[PDB]
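Taking it in order: structure first as structure tokens, then the write-up.
Every chain is numbered from 1 and lettered A, B, ... according to where its sequence line falls, protein lines coming before strand lines.
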Amino acid sequence: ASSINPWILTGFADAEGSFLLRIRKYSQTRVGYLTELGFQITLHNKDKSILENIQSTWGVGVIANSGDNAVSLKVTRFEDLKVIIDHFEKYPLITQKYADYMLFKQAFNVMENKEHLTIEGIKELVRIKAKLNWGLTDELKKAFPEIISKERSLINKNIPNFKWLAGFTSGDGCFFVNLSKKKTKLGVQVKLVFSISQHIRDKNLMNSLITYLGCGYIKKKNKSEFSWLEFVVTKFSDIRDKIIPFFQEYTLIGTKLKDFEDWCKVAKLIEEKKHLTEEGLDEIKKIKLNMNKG
DNA sequence: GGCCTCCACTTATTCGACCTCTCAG
DNA sequence: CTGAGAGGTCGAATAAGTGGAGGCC
Ligand SMILES: [Ca+2]
Ligand SMILES: [Ca+2]
Ligand SMILES: [Ca+2]
Ligand SMILES: [Ca+2]
Ligand SMILES: [Ca+2]
Ligand SMILES: [Ca+2]
Ligand SMILES: [Ca+2]
Ligand SMILES: [Ca+2]
């Protein structure tokens, strides 16, 4: 395998990767609970390469199928979690996931002292799990009532580097060739779109993208209860003089790099105005088709 | 015995990706 | 006519999670 730049790896960990803390009822321990702390990243089968290069970069973690179409990288071996702590202490996360890392860091110290084998240590872990990701199940809520959960700090940090954004984009980014039917002679408009999806927790971070990249805007989407944000750039001059030069200097990792490469091919056709012709339009449809089924 | 670590595989919901239209210059 | 938003839809490569058990000191 090949190494991954640490900042690119952190950025990819802001977009992918989830900390996890298992607190299960268990008959084969005195305290009656089985604990499992770790970190994981789940991608499509086609992107198993990233996991292998991560596994080789950190020298930690195990790979396993995640259903019929996906695979994951899991790090739960306790001694291997030191690498995860060492990496993120030097290359910290900047999304709200950094608050989950801190809770993960606290759980590590409880288990490091072996306090998870006691009833008090478990209670401490439960107070931490209450604020980690999706909190506690009602089964444990009623099991450990009147527990003062730990406080979850609001993360509001600046983008550290451009490499961080390359990794974050590879995880939650998208390079799309928009074909828009138009009641006109040619019939269709071509328009490149660069976007980054993200939960509305990080509205601050998302908004700062406009300031950091000097272009784009924000779009608030809602699916009933749930809402998230999209950082979107469509103005071609910005895509040509900002987005494209940026990601040529700071390589994307995974299958998204292939989409970026075809994306840039369409940008070339557009610079030459070949997107107003007919032969050029067949070319753009071929490139776009190669990005959907590919 | 007591406890750790891994594979199988799912759920909820947060992404990615896919549209189509208005309208000013 | 064209470009740049405006205004969306939608399915799971979503982010997060669980059951089962082989493995080790
Ligand atoms: Ca993400
Ligand atoms: Ca994922
Ligand atoms: Ca190792
Ligand atoms: Ca394996
Ligand atoms: Ca492991
Ligand atoms: Ca260190
Ligand atoms: Ca992704
Ligand atoms: Ca332009």
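Counting only heavy atoms from C-beta on, A:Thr76 has its side chain closest to B:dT5 among B:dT14, B:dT5, C:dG5. The side chain of A:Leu117 approaches B:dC4 more closely than any other nucleotide in the set B:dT14, C:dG5, B:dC4. Closest to the side chain of A:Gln40, out of C:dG17, B:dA17, B:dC3, is C:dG17. Ranking C:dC10, C:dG19, C:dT2 by closeness to the A:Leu276 side chain, first place goes to C:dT2. Counting only heavy atoms from C-beta on, A:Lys74 has its side chain closest to B:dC9 among B:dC3, B:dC21, B:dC9. Taking every side-chain heavy atom of A:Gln189 into account, C:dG3 is the closest of C:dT18, C:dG3, B:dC19. The side chain of A:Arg22 lies closest to C:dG19, out of B:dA8, B:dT14, C:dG19. Taking the side chain of A:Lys97 as heavy atoms from C-beta on, and the options C:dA15, C:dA13, C:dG5, the nearest nucleotide is C:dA15. With distances taken from any side-chain atom of A:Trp134 to the nucleotides B:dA12, B:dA17, B:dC15, the minimum falls on B:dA12. Counting only heavy atoms from C-beta on, A:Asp172 has its side chain closest to B:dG16 among C:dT2, B:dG16, C:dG7.
Judged purely by distance below 3.5 Å, without hydrogens or angles, the side chains of A:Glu36 and A:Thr76 pair a donor atom with an acceptor atom.
Note on A:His44: every side-chain N or O is 4.0 Å or more away from OP1 and OP2 of C:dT14. Within the structure, a side-chain polar atom (N or O) of A:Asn292 is placed less than 4.0 Å from OP1 or OP2 of B:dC18. Applying the 4.0 Å criterion to OP1 and OP2 of C:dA16, one finds that A:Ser18 has a side-chain N or O inside that range. Remark: A:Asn178 is not in phosphate contact with B:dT20, judged by side-chain N or O atoms under 4.0 Å from OP1 or OP2. At C:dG3, one or more side-chain N or O atoms of A:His275 fall inside 4.0 Å of OP1 or OP2 (strictly under the cut-off). Side-chain nitrogen and oxygen atoms of A:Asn133 include at least one within less than 4.0 Å of the OP1 or OP2 phosphate oxygen of C:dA16. Phosphate contact (OP1/OP2 of C:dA12, side-chain N/O of A:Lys223, threshold under 4.0 Å): absent. Side-chain N/O atoms of A:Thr184 include one lying less than 4.0 angstrom from OP1 or OP2 on C:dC1.
C:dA12 and C:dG17: their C1' atoms are spaced 16 Å apart (whole Å). For C:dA16 and B:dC9, the P atoms lie 23 Å apart once the distance is rounded to whole Å.
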Point to revise | Pair A:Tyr33-A:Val126, side-chain contact (heavy atoms from CB on, under 4.5 Å): steps then yes or no | key: CA-CA 11 Å; A:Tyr33 290 94; A:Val126 174; over 6 Å; no
**Study point:** Stepwise side-chain contact (heavy atoms from CB on, under 4.5 Å) check, A:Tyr250 with A:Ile8
**Key:** CA-CA 9 Å; A:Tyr250 301 90; A:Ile8 287 177; over 6 Å; no
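Consecutive residues C:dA15 and C:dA16 form a stacked step, taking six-membered ring centres below 5.5 angstrom and planes below 30 degrees as the test.
For the criterion of Watson-Crick or G-U wobble pairing, both bonds shorter than 3.5 Å, the nucleotides B:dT13 and C:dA13 do not count as partners.
Of the residues near DNA chain B, A:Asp14 and A:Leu34, the one whose nearest nucleotide (by heavy atom distance) lies more toward the 5' end is A:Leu34. DNA chain B is contacted by both A:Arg77 and A:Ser197; A:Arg77 maps to the nucleotide lying nearer its 5′ end (nearest heavy atom per residue).
With a 3.5 Å ceiling on both atom-pair distances, the Watson-Crick or G-U wobble partner of B:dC23 is C:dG3. Within the shown strands, B:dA17 is the pairing partner of C:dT9 under the Watson-Crick or G-U definition, both distances less than 3.5 Å.
For C:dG5, the base has a donor-acceptor partner in the side chain of A:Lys191 [N/O atoms by modelled type, under 3.5 angstrom].
Side-chain rings of A:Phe168 and A:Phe12 stay apart, their centers remaining 6.0 Å or farther from each other.
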